[PDB]
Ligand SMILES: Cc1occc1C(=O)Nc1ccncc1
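Heads up, the chain below is alone and in the form deposited without the named molecule; it's given as C-alpha coordinates.
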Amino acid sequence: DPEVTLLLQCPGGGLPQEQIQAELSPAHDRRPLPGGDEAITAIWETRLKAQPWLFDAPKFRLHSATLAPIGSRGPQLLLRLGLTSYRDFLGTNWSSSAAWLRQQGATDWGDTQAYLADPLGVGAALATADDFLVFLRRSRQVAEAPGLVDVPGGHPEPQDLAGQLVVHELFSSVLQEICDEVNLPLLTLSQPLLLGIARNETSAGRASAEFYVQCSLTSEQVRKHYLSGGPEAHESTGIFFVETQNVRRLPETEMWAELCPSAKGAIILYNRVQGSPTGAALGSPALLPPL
(Lines give C-alpha, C1' and ligand atoms only; values in the text may rest on other atoms or scores of the structure.)
Protein backbone atom coordinates (compact mmCIF):
# COMPACT_ATOMS: atom_id res chain seq x y z
CA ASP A 1 0.00 0.00 0.00
CA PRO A 2 2.37 2.74 -1.22
CA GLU A 3 -0.33 5.43 -0.90
CA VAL A 4 -0.36 5.18 2.99
CA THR A 5 2.57 5.30 5.53
CA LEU A 6 2.19 4.96 9.36
CA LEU A 7 3.83 7.88 11.27
CA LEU A 8 2.63 6.70 14.75
CA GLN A 9 1.10 3.46 16.23
CA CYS A 10 -0.27 4.15 19.78
CA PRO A 11 0.30 1.72 22.66
CA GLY A 12 -2.18 0.18 25.13
CA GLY A 13 -4.98 -0.27 22.53
CA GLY A 14 -4.98 3.55 21.96
CA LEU A 15 -4.44 6.77 23.97
CA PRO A 16 -7.15 8.76 25.80
CA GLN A 17 -7.22 12.60 25.73
CA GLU A 18 -5.72 12.89 29.28
CA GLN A 19 -2.44 11.16 28.13
CA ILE A 20 -1.60 13.55 25.23
CA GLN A 21 0.32 16.89 25.32
CA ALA A 22 0.46 19.39 22.41
CA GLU A 23 3.09 22.08 21.71
CA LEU A 24 1.49 24.69 19.33
CA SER A 25 4.48 26.85 18.11
CA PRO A 26 5.32 29.02 15.03
CA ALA A 27 8.59 26.90 14.94
CA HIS A 28 6.21 24.10 13.66
CA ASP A 29 4.88 26.20 10.71
CA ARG A 30 5.56 25.68 6.97
CA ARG A 31 8.72 27.53 5.78
CA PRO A 32 8.18 30.33 3.21
CA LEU A 33 8.63 29.00 -0.41
CA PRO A 34 12.12 29.52 -1.97
CA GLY A 35 10.89 32.01 -4.65
CA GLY A 36 8.35 33.50 -2.20
CA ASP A 37 4.73 32.77 -1.06
CA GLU A 38 3.51 34.88 -4.10
CA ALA A 39 3.11 31.52 -5.99
CA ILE A 40 0.44 30.47 -3.37
CA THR A 41 -1.35 33.87 -3.65
CA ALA A 42 -1.42 33.52 -7.51
CA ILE A 43 -3.05 29.98 -7.43
CA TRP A 44 -5.64 31.31 -4.86
CA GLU A 45 -6.49 34.39 -7.04
CA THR A 46 -6.97 32.14 -10.12
CA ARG A 47 -9.27 29.85 -8.02
CA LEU A 48 -11.41 32.71 -6.50
CA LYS A 49 -11.81 34.34 -9.96
CA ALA A 50 -13.62 31.09 -11.09
CA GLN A 51 -15.33 30.15 -7.75
CA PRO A 52 -15.80 33.47 -5.83
CA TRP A 53 -18.00 31.75 -3.12
CA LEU A 54 -14.93 29.80 -1.76
CA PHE A 55 -13.49 30.94 1.61
CA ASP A 56 -10.14 30.36 3.39
CA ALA A 57 -10.06 28.73 6.88
CA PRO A 58 -7.24 28.10 9.40
CA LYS A 59 -6.07 24.50 10.00
CA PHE A 60 -3.63 22.72 12.36
CA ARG A 61 -0.28 21.69 10.78
CA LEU A 62 1.40 18.43 11.95
CA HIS A 63 5.20 18.88 12.41
CA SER A 64 5.95 15.63 14.34
CA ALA A 65 4.68 13.32 17.14
CA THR A 66 7.00 11.72 19.78
CA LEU A 67 5.83 8.74 21.91
CA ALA A 68 7.14 8.27 25.50
CA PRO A 69 9.08 5.08 26.37
CA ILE A 70 6.43 2.24 26.45
CA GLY A 71 5.03 1.27 29.88
CA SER A 72 5.97 4.68 31.44
CA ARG A 73 3.92 6.87 33.86
CA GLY A 74 2.84 10.41 32.92
CA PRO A 75 2.02 11.87 29.47
CA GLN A 76 2.53 9.32 26.67
CA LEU A 77 2.55 11.48 23.49
CA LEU A 78 3.79 14.97 22.47
CA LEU A 79 2.12 16.41 19.31
CA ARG A 80 4.18 19.24 17.74
CA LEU A 81 1.65 21.45 15.86
CA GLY A 82 1.81 24.66 13.79
CA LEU A 83 -0.87 26.64 11.92
CA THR A 84 -1.73 26.52 8.20
CA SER A 85 -4.80 27.18 5.98
CA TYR A 86 -6.97 25.79 3.15
CA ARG A 87 -5.31 28.44 0.84
CA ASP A 88 -1.81 27.21 1.72
CA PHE A 89 -2.96 23.56 1.13
CA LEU A 90 -4.25 24.49 -2.39
CA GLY A 91 -0.91 26.15 -3.26
CA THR A 92 1.40 23.34 -1.90
CA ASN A 93 0.08 19.74 -1.29
CA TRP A 94 -2.66 20.07 -4.02
CA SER A 95 -0.25 21.79 -6.55
CA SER A 96 0.94 19.87 -9.65
CA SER A 97 4.50 20.83 -8.45
CA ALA A 98 4.10 19.26 -4.92
CA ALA A 99 6.88 16.63 -5.63
CA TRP A 100 9.31 19.50 -6.61
CA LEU A 101 8.50 21.21 -3.22
CA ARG A 102 9.30 17.89 -1.36
CA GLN A 103 12.70 17.57 -3.19
CA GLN A 104 13.54 21.29 -2.41
CA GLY A 105 12.60 20.74 1.28
CA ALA A 106 15.03 17.73 1.47
CA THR A 107 17.80 19.92 -0.15
CA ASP A 108 17.30 23.15 1.91
CA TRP A 109 16.04 21.82 5.34
CA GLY A 110 16.64 17.98 5.38
CA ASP A 111 12.79 17.81 5.62
CA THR A 112 10.62 16.63 2.66
CA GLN A 113 7.60 18.43 4.31
CA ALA A 114 9.32 21.84 5.04
CA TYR A 115 7.52 23.68 2.13
CA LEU A 116 4.13 21.79 2.49
CA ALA A 117 1.00 23.10 4.35
CA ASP A 118 0.32 19.54 5.69
CA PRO A 119 -3.09 20.28 7.35
CA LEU A 120 -3.95 17.70 10.10
CA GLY A 121 -7.01 15.53 9.32
CA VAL A 122 -9.07 13.40 11.77
CA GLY A 123 -10.83 10.08 10.98
CA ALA A 124 -12.67 7.40 12.99
CA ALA A 125 -13.00 3.63 13.05
CA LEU A 126 -16.59 3.92 14.33
CA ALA A 127 -17.91 0.57 15.75
CA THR A 128 -21.64 -0.26 16.33
CA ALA A 129 -23.14 -2.09 19.37
CA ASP A 130 -23.54 -5.23 17.07
CA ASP A 131 -19.80 -5.18 16.06
CA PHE A 132 -19.70 -3.52 12.58
CA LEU A 133 -17.48 -0.61 11.38
CA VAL A 134 -19.18 2.33 9.55
CA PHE A 135 -18.21 3.30 5.91
CA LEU A 136 -19.39 6.26 3.71
CA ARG A 137 -19.45 6.57 -0.14
CA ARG A 138 -17.97 9.87 -1.49
CA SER A 139 -19.85 11.85 -4.21
CA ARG A 140 -18.42 11.31 -7.78
CA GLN A 141 -18.53 15.18 -8.14
CA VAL A 142 -16.04 16.25 -5.33
CA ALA A 143 -12.41 17.32 -6.05
CA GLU A 144 -10.50 14.71 -3.93
CA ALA A 145 -11.02 10.90 -4.12
CA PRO A 146 -14.32 11.13 -6.08
CA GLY A 147 -16.50 8.02 -5.86
CA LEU A 148 -14.21 6.35 -3.24
CA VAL A 149 -15.13 4.77 0.15
CA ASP A 150 -14.28 6.91 3.26
CA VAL A 151 -14.74 6.78 7.08
CA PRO A 152 -16.26 9.65 9.15
CA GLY A 153 -13.87 12.61 9.62
CA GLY A 154 -12.73 16.08 8.54
CA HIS A 155 -10.00 18.77 8.85
CA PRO A 156 -10.52 20.68 12.14
CA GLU A 157 -10.39 24.53 12.28
CA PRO A 158 -8.63 26.12 15.32
CA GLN A 159 -10.97 27.93 17.91
CA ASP A 160 0.61 22.31 27.77
CA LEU A 161 -1.23 25.52 28.85
CA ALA A 162 -2.77 26.36 25.44
CA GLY A 163 -1.72 22.69 24.52
CA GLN A 164 -4.54 21.00 26.54
CA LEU A 165 -7.23 23.16 24.84
CA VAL A 166 -5.79 22.08 21.44
CA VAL A 167 -5.88 18.34 22.37
CA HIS A 168 -9.51 18.92 23.59
CA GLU A 169 -10.48 20.52 20.18
CA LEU A 170 -8.91 17.53 18.28
CA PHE A 171 -10.91 14.90 20.31
CA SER A 172 -14.11 17.11 20.19
CA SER A 173 -13.79 17.57 16.38
CA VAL A 174 -13.87 13.77 15.58
CA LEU A 175 -17.17 13.46 17.61
CA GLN A 176 -18.62 16.63 15.96
CA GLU A 177 -17.70 15.20 12.45
CA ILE A 178 -19.59 11.95 13.36
CA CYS A 179 -22.67 13.93 14.64
CA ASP A 180 -22.67 16.27 11.55
CA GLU A 181 -22.27 13.58 8.80
CA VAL A 182 -23.79 10.36 10.36
CA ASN A 183 -26.53 12.38 12.24
CA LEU A 184 -25.90 10.38 15.51
CA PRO A 185 -26.77 11.86 18.91
CA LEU A 186 -23.55 12.85 20.84
CA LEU A 187 -24.75 10.79 23.88
CA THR A 188 -24.57 7.52 21.82
CA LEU A 189 -20.72 8.02 21.38
CA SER A 190 -17.76 6.92 23.64
CA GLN A 191 -14.81 9.23 24.40
CA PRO A 192 -12.42 8.64 21.47
CA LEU A 193 -9.07 6.79 21.72
CA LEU A 194 -6.19 7.88 19.46
CA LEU A 195 -5.03 4.77 17.47
CA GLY A 196 -2.20 6.50 15.53
CA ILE A 197 -1.30 8.90 12.68
CA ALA A 198 -1.29 7.96 8.94
CA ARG A 199 0.25 9.89 5.96
CA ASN A 200 -1.48 10.17 2.49
CA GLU A 201 1.40 9.80 -0.03
CA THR A 202 -1.10 10.64 -2.88
CA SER A 203 -1.53 14.14 -1.28
CA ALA A 204 2.27 14.88 -0.84
CA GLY A 205 2.44 13.29 2.64
CA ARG A 206 -0.28 15.19 4.62
CA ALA A 207 -1.28 13.33 7.86
CA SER A 208 -4.53 12.34 9.64
CA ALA A 209 -5.00 11.41 13.33
CA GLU A 210 -7.05 8.14 13.34
CA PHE A 211 -9.38 7.45 16.35
CA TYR A 212 -11.52 4.50 17.66
CA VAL A 213 -15.09 5.50 18.70
CA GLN A 214 -17.78 3.08 19.99
CA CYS A 215 -21.53 3.75 19.40
CA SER A 216 -24.30 2.33 21.69
CA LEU A 217 -26.62 1.94 18.61
CA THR A 218 -26.81 -1.11 16.29
CA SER A 219 -25.97 -0.94 12.54
CA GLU A 220 -29.75 -0.78 11.72
CA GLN A 221 -30.26 2.17 14.17
CA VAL A 222 -27.11 4.02 12.78
CA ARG A 223 -28.51 3.60 9.20
CA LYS A 224 -31.92 5.01 10.28
CA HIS A 225 -30.30 8.16 11.86
CA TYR A 226 -28.06 8.75 8.75
CA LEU A 227 -31.00 8.43 6.28
CA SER A 228 -33.57 10.45 8.33
CA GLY A 229 -31.56 13.68 7.76
CA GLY A 230 -32.34 13.39 4.01
CA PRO A 231 -29.88 14.08 1.13
CA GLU A 232 -28.97 17.67 2.37
CA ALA A 233 -27.95 16.41 5.87
CA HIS A 234 -24.75 14.62 4.56
CA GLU A 235 -21.90 15.23 2.00
CA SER A 236 -21.60 11.41 1.37
CA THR A 237 -24.05 9.56 -1.02
CA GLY A 238 -24.48 6.35 1.04
CA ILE A 239 -23.61 4.46 4.31
CA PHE A 240 -22.70 0.76 4.73
CA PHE A 241 -21.31 -1.65 7.39
CA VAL A 242 -18.59 -4.41 7.53
CA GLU A 243 -18.45 -6.93 10.45
CA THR A 244 -15.33 -6.31 12.65
CA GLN A 245 -14.67 -10.07 12.01
CA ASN A 246 -14.22 -9.25 8.26
CA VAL A 247 -12.22 -5.96 8.68
CA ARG A 248 -9.22 -8.19 9.58
CA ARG A 249 -8.85 -9.36 5.89
CA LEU A 250 -10.19 -6.16 4.18
CA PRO A 251 -6.80 -5.54 2.38
CA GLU A 252 -7.38 -8.89 0.51
CA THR A 253 -10.90 -7.83 -0.73
CA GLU A 254 -12.05 -5.90 -3.89
CA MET A 255 -13.25 -3.14 -1.44
CA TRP A 256 -9.56 -2.22 -0.69
CA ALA A 257 -9.02 -0.71 -4.23
CA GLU A 258 -12.06 1.60 -3.59
CA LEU A 259 -10.84 2.97 -0.14
CA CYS A 260 -9.31 6.48 -0.06
CA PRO A 261 -5.83 6.63 1.60
CA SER A 262 -6.96 8.20 4.95
CA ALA A 263 -9.68 5.49 5.33
CA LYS A 264 -7.00 2.80 4.58
CA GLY A 265 -4.92 4.41 7.41
CA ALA A 266 -7.92 4.15 9.81
CA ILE A 267 -8.44 0.42 9.02
CA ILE A 268 -4.70 -0.54 9.19
CA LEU A 269 -4.44 1.20 12.63
CA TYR A 270 -7.76 -0.41 13.86
CA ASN A 271 -6.43 -3.88 12.83
CA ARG A 272 -2.95 -3.31 14.52
CA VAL A 273 -4.07 -1.46 17.73
CA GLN A 274 -7.64 -2.71 18.57
CA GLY A 275 -7.56 -6.05 16.62
CA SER A 276 -4.39 -8.26 16.91
CA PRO A 277 -4.87 -9.70 20.45
CA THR A 278 -1.78 -10.15 22.77
CA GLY A 279 -3.12 -12.55 25.52
CA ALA A 280 -3.79 -16.35 25.70
CA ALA A 281 -7.68 -16.19 25.63
CA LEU A 282 -8.22 -13.97 22.49
CA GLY A 283 -5.02 -15.45 20.87
CA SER A 284 -6.44 -19.05 21.09
CA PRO A 285 -7.05 -20.58 17.57
CA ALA A 286 -10.90 -20.78 17.82
CA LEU A 287 -11.03 -16.96 18.60
CA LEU A 288 -8.07 -15.98 16.28
CA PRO A 289 -8.49 -18.14 13.17
CA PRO A 290 -5.17 -19.05 11.43
CA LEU A 291 -4.48 -17.32 8.02
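Numbers follow the displayed sequence, beginning with 1.
Below, we turn to the form solved in complex with the named molecule, even though it does not appear here.
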Find the only residue in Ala129, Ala98, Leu78, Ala106 having a heavy atom within 4.5 Å of the named molecule in the deposited bound form. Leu78
Testing 186-194, 214-222, 69-77, 107-115 against the named molecule in the deposited bound form with a 4.5 Å heavy atom criterion leaves exactly one stretch, namely 69-77
In the deposited bound form: members of 1-36 within 4.5 Å of the named molecule, any heavy atom: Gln21
